[PDB]
Amino acid sequence: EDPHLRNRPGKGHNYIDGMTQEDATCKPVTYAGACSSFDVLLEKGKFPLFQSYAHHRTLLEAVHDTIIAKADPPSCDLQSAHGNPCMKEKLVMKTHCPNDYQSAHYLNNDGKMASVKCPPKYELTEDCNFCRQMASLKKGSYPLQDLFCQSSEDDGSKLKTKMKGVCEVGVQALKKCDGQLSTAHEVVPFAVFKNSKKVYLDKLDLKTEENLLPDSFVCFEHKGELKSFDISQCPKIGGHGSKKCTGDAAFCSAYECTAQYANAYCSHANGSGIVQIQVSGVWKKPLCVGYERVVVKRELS
Amino acid sequence: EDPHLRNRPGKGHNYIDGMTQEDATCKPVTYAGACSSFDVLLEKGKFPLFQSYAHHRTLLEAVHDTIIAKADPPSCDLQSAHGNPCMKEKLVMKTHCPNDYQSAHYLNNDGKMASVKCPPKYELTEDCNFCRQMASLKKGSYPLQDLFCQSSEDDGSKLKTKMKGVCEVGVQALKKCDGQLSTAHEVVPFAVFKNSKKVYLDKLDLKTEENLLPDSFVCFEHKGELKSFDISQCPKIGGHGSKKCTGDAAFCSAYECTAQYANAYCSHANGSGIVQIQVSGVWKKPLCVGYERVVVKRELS
Amino acid sequence: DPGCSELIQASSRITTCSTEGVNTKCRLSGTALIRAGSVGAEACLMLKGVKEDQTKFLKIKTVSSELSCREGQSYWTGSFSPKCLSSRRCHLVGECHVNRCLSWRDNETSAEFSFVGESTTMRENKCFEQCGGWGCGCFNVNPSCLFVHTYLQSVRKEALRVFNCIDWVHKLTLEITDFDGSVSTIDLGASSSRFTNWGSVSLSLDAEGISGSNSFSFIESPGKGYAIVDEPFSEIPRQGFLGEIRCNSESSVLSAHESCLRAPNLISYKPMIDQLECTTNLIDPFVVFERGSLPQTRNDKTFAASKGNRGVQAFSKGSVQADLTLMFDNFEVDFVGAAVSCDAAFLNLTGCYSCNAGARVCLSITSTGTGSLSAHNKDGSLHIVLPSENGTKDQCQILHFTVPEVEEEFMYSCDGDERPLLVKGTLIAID
Amino acid sequence: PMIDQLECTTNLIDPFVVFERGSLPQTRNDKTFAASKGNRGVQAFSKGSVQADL
């Protein structure tokens, strides 16, 4: 089942900087849309976290949501010399990158959209650290991290990495290890709140608290395939908003149905709610939580 | 850890005096060329010792490394009459060897590389005793025994063969057996020290101490498909080199790496390092540990 | 009330200090041992760094001695009410055969009841034959048939969950306080482990239990009090027994889901040609719930419910003798040397001596800055820690002594300099 | 199970309890049990004579 795999509530814009080859088909994201930065997110056997949390937000959709700023530069070149921002955070990665790709975006420590791009027409290697000569080449980027976002606004400038007993993980300089460093590639989650740093975690505990929220409804155009339509354009009952909206009994019981005056159809959906995160015991609202495979240096003794 | 069994550290020479007709495709030993004295060591499931110690030297390369002496004469002529010094040492080596060969090297009593020769036009038989007439003829040398070589300067000239229960092995006259003896054919390993004798081994006790050594790394190339290059050209910490090379934590922890600015990829090897031996109840660092199948005369009532 | 009754020093093998940013911090990569406190008493953990003033403490507040129960085979139950539906048809008309209704399956929807609708409840289909002729409105001489379609629905707005207890686990609700001041309330039973921010903790020694618990069934009520029944656990649900109709969840009883279990041939019927009254003699659990409502008097113990966490408990009247294992998962403990002043004064000293209870001390700490106060004696067996802030507040904790005339000199400080202090108070003999 | 919460735990016996309550040296009947010096292995000490043949 799962009729809400490709439908993106709210914004739904997967525009990448530098790799400008999919601006025609990428905004918005409909059911019959084409975009290499979203098709691999629902691939069987790749990112199960996005398949489980499909009715949420992504990285670029969070950048275009006026809540996450972009890095400078947003698209770094792989053929530079010294002083490359996308070098230390990229070489310590571990997830294998597929073929027929040139750009690769991820999340930096400061919490901005960081991406890399090679000169045309050079594709990525096996690890994605370097580049090499060139199915068909994709017109977009490849998400290097399996993270998601939502509509949150809590501050997290006072919360730091809570990884106890860890010397240096990823690119952050936590504490000073007294024993011998044990280089091992493991999976360590991360969490980024509203304008904060990359706060790593150890035991991710995510819960869902669904309630009467406007994000639990979708709307698709009629057909005498499917299209895209924003559900936030439907006002309450006994009122008039910007665009017309209509639906069935569940959608008409809370919102005003305009019958044939609209161009869509509201249906009873779900999978939204308010997802919380377990950070330092106190349940907070995540904004950029996910998983990143970096190099973990633990103590041998 | 890519398996590269063609790169030879040090000199990489495989030729003997009196029969230098293989100095074109085997001086040095690289990916280009065809030499029968090195191609037979790369057989699948035949020589596990050379496959385990791939990044180590051999016997001829150890002789050309000015670290061990050679036998006199180094190439015994099997065609001349009135006998030859290379007869009682090779006749006891009852082993199998293919045809179309002209030379075969082994170890004598004085710890020197004793080999034979075959002037045109003569080829070795199934045993290698005499030379007969002859398709292409392999003008190299077929290794009759499996061994390796490494750099070592540890003293040990007063240590001879220490065996128990064997009165005579190979051709050396060990202990005096006043009673009887049984002639059998068994595989007994041997060893050699820095300017010593052919010390046979009864209890094979070997170990590998993998350490940050220059001969334990393989550098690649950057195109824009990762072929080998060289390891002696990568710059060091505080030194000077040709083109810049980079790699993981092992290559960058000991040498210099610039990642993006570098033009080579130095990765860690596999199965290489300090190899020691356990003889006479003490640990020593030999030059090369090998085995052979000769005549073993044990004790008998 | 605060007050560590048993205090122990951590070993130097698992205590390694460091220095980062003009501060001396240290982590713990081991596990210490401390005696479990009684009702009111605590069990602090003194941690030492590189010198004397740098001293941390980890207080564990013990609520009371409880004996939780271990749930095993659980099931939900409740009251229900059938609804008989009659539909008589003539013989040789569709499926009006007298031989088909005899071996009619319950999971087979007849042609005369295929228009009921979405009925995902405990439904069944029978087949009772009647008479024929022109006396009951039938055209055929052969006797007619009466189709039966009865489904079970829920009529009670609440339900009950009947379960048992295989063993009484001695659970101890501990309020572990971290070094910085983070308060965390957890619980430990027998040898169970939890997950805290400082690592993990588990109960060690346990010499308290109640035998004979399999022959007692418990009933849980949503929000209301629990119950107890003096009978063994319900085996197979049969006719005329408490728990003949069970389920698996609360929604399976409040909505009468078909995924539950029931007694076969339990729904009775009244074949009255055209009329039918399906009535069942279900057992009402509310009568037993009212006759046996907690709390009750059972032997020398007090059986009651529990607050916050759902579960059965058992109040005891014995001593508290247990051990705790504070497992530190390599957690760093930092400390900043304060520099604020604090002029404390003695108030009173009430309580008892030579017992696990202790004695309450009164201290009027008057400081000018927000920080922490550390106190100690002379030989090195007593330590008092109390928060300090700008103002005049009355603090204190529970202290243990073995003499009614307490005349021990204390050494408290708040910035570095230590000043003497004498305490006094008359205690009573408390066992 | 608590809707969205979960409290998974076990009930295993801590071996360090018996390890600490029965730490060597622990005498038995009339001997003395202790560890070995150098080689790993349990041994025992007696108070008798030495009567053996090599």
# chains A, B, ... in the order shown; residues from 1 in each chain; ligands from 1

call {"tool": "closest_atom_pairs", "arguments": {"of": "chain A", "to": "chain B", "cutoff": "10 Å", "atoms": "only C-alpha atoms", "output": "tab-separated table"}}
result
residue	atom	partner	partner_atom	distance
A:77	CA	B:260	CA	9.9
A:78	CA	B:260	CA	7.1
A:79	CA	B:260	CA	6.8
A:80	CA	B:260	CA	6.4
A:81	CA	B:261	CA	4.5
A:82	CA	B:261	CA	6.4
A:83	CA	B:260	CA	9.2
A:84	CA	B:260	CA	7.8
A:86	CA	B:260	CA	9.9
A:87	CA	B:260	CA	7.5
A:88	CA	B:259	CA	9.1
A:91	CA	B:248	CA	8.5
A:92	CA	B:248	CA	9.0
A:118	CA	B:224	CA	9.2
A:119	CA	B:224	CA	8.8
A:121	CA	B:224	CA	9.6
A:122	CA	B:224	CA	6.9
A:123	CA	B:224	CA	9.2
A:125	CA	B:225	CA	9.0
A:129	CA	B:259	CA	9.2
A:130	CA	B:260	CA	8.0
A:131	CA	B:224	CA	6.0
A:132	CA	B:224	CA	4.9
A:133	CA	B:224	CA	6.1
A:134	CA	B:224	CA	9.8
A:183	CA	B:249	CA	8.8

call {"tool": "write_last_selection", "arguments": {"atoms": "C-alpha atoms", "output": "compact mmCIF listing (two decimals), in the first residue's frame"}}
result
# COMPACT_ATOMS: atom_id res chain seq x y z
CA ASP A 77 34.76 22.03 -6.79
CA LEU A 78 36.58 18.70 -6.53
CA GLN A 79 39.53 19.94 -8.64
CA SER A 80 40.76 22.59 -6.20
CA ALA A 81 44.02 22.74 -4.22
CA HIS A 82 44.27 23.56 -0.49
CA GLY A 83 41.40 24.86 1.63
CA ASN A 84 38.53 22.72 0.36
CA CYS A 86 34.18 19.54 1.16
CA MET A 87 37.28 17.45 1.87
CA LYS A 88 37.55 16.63 5.57
CA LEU A 91 36.86 11.74 2.99
CA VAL A 92 35.72 10.40 6.38
CA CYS A 118 33.21 17.74 -10.49
CA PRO A 119 34.01 19.30 -13.87
CA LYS A 121 31.85 15.42 -17.68
CA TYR A 122 33.60 13.56 -14.84
CA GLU A 123 31.59 11.19 -12.64
CA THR A 125 34.38 7.11 -8.10
CA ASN A 129 35.90 11.10 -2.71
CA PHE A 130 37.55 11.75 -6.09
CA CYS A 131 36.39 11.88 -9.71
CA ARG A 132 37.01 9.91 -12.89
CA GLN A 133 36.03 9.91 -16.55
CA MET A 134 32.52 8.96 -17.63
CA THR A 183 39.82 3.30 13.90

call {"tool": "select_by_dssp", "arguments": {"residues": "stretch 272-333 of chain C", "states": "helix (DSSP H, G or I)", "output": "list in words"}}
result
residues 285, 286, 287, 288, 289, 290 and 291 of chain C

call {"tool": "select_by_dssp", "arguments": {"residues": "stretch 108-329 of chain C", "states": "strand (DSSP E)", "output": "PyMOL selection string"}}
result
chain C and resi 122-129+145-154+160-164+168-169+171-177+183-189+199-206+217-220+227-229+296-298+301-303+322-328

call {"tool": "closest_residue", "arguments": {"among": "C:19, C:192, C:140, C:293", "to": "chain D", "atoms": "only C-alpha atoms"}}
result
C:192

call {"tool": "residues_around", "arguments": {"residues": "residue A:24", "least_positions_apart": "3", "cutoff": "12 Å", "atoms": "only C-alpha atoms", "output": "number ranges by chain"}}
result
A: 13-15, 20-21, 27-29, 33-35, 139-140

call {"tool": "residues_around", "arguments": {"residues": "stretch 158-161 of chain A", "least_positions_apart": "6", "cutoff": "12 Å", "atoms": "only C-alpha atoms", "output": "NGL selection string"}}
result
:A and (109 or 167-170 or 172-175 or 188-202 or 279-280 or 282 or 284)

call {"tool": "closest_atom_pairs", "arguments": {"of": "chain D", "to": "chain A", "cutoff": "10 Å", "atoms": "only C-alpha atoms", "output": "tab-separated table"}}
result
residue	atom	partner	partner_atom	distance
D:3	CA	A:207	CA	9.5
D:4	CA	A:207	CA	6.0
D:5	CA	A:207	CA	8.0
D:6	CA	A:205	CA	10.0

call {"tool": "interface_residues", "arguments": {"of": "chain C", "to": "chain A", "cutoff": "8 Å", "atoms": "only C-alpha atoms", "output": "PDB file with C-alpha atoms, in the first residue's frame"}}
result
ATOM      1  CA  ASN C 197      22.667   9.143  31.266  1.00  0.00           C
ATOM      2  CA  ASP C 329      29.888   3.591  30.535  1.00  0.00           C
ATOM      3  CA  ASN C 330      32.981   5.825  30.245  1.00  0.00           C
ATOM      4  CA  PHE C 331      31.359   9.114  31.239  1.00  0.00           C
ATOM      5  CA  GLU C 332      33.448  12.193  32.003  1.00  0.00           C
TER       6      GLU C 332
END
